[PDB]
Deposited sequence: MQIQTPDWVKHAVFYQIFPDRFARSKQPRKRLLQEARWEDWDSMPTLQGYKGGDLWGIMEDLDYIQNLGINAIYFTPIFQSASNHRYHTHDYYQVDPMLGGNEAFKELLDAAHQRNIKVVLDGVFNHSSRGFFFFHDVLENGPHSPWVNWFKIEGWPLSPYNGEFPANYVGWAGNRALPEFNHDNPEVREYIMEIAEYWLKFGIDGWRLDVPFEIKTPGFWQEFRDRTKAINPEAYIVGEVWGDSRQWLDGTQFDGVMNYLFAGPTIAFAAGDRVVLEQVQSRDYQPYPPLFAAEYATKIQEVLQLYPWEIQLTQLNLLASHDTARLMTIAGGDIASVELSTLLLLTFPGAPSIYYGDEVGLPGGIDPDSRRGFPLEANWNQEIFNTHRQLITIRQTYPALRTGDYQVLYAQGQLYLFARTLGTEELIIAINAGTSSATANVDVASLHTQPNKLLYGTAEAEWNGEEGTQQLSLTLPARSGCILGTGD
């Protein structure tokens, strides 16, 4: 029977790019932990400004105060500088980020505050330094691990672009050599990595481009071993698109729901979306949508997966891969507030991208959020998160479209007695809706957010509200 972690159904996730989050407020002995202070100046690399895991641990005050109870990262394992997606050693948190020691301290500091931590697993490819590929570059045909990868001919040309690489790399890039997952050895190796970190204490896995590993039975085994070590462990696939193939209950607990992000932005932002700023590969926040259109595709999205899994989906509006919220919408604040509102009132776990909560800009490849806040946008986030953690219906309640006409959208979230009405007016003019709400046994008349069985609801332009009771 389909079962997903319960803590996830009630969590608020917060995606961090550690390299560019926060510096520690203290001089840190990263890498060379034994080095004495007198030598500090002699050591240029240690002495002299990127973000690290110390930093995040130090800013747990801020993160918790925002209302966050679970942070998940981009890839943090040892890898070359500015290339965290080209794994060198999966068993080691990168030295510059503070290594396993710094990670262990952050991990404990988080758990002490009851904040979960999920890591990114880049298992489709590694790097040219990854040990077993290293052995292949050194021994060629004689290397015993040739069959661990996808070699096409000899000789290989790892670094000289003037000659054919002769081995398959992600997106045709030599620095991203792919794994031969069909090989039961490669598979066993991936599984053992997954198990290790769960034993270490992480609260589960983000899966990078998991749809590339096509070996049948691969992800069910992944789920089996994973849950074996931690039955409450959260397995999220980063998949852009219909993810039914992996959401049958035997693989992931959910995916990063870009199917939610596209329509939500296309409706809240409308024709204000800055096209040259949309990572069209991930989501489609265009063409602009009218209330009735947002309503049908949203319901279509809500009946795509089993309800238990829908509740553990990772809803988002941005990621390391896309532009920030303020940027995708040409600085239109209302687009941010309206979008965030739909995000924090959607069934499934919400995910806030670090920086968005302070109105920080960001195109498709900026950081250090705690360094000019957009107070308004910040308050919208904190307040909405408090409200989501205050009413169970907003987390695991059902979802009912009440009204969707023109540019005005109304739906209700209900759990037992609790009934909440959420309204969105994406239009440039004030609007009112007359609705026959006989599906509700109460009459939500109290404003829990914003300003505003027969109901007459009037909303100001580009505004949303939450009605309680």
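- In sequence order, the gaps in C-alpha coverage of the deposited chain fall at 1, 50, 368 to 371, 378, 460 to 469, 487 to 488.
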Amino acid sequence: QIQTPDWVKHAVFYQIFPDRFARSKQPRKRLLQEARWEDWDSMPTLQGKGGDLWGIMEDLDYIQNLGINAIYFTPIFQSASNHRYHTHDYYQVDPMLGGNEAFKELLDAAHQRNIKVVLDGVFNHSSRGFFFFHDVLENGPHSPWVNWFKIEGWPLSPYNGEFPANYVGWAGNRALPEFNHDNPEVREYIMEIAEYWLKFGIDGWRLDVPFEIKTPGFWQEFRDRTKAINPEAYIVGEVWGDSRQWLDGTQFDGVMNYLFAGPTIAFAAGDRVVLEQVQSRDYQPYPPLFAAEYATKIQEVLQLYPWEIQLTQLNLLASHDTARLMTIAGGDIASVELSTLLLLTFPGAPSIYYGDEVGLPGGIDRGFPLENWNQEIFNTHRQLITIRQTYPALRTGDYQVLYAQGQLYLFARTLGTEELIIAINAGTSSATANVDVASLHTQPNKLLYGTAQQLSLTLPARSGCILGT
From here on, numbers count along this sequence of modelled residues.
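- Stretches 159 to 167 and 112 to 120 differ in mean C-alpha B factor, with the higher average recorded for 159 to 167.
- Per-stretch averaging of Cα B factors for 183 to 191 and 201 to 209 places 183 to 191 on top.
- Reading the B-factor column for the CA atoms of 133, 72, 353, 154 in the entry, the top value corresponds to 154.
- Within the listed group 78, 250, 303, 313, the record reports its top CA B-factor for 303.
- Residue 339: CA B factor lies in the lowest third for its chain, per the PDB record.
- In the PDB entry, a CA B factor belonging to the highest third of its chain's modelled residues is recorded for residue 455.
- Among the modelled residues of its chain, residue 217 has a C-alpha B-factor that falls in the middle third according to the deposited record.
- Ranked against the other modelled residues of its chain, the C-alpha B-factor of residue 89 as given in the entry falls in the lowest third.
- When all modelled residues of the chain are sorted by CA temperature factor, residue 43 is found within the highest third.
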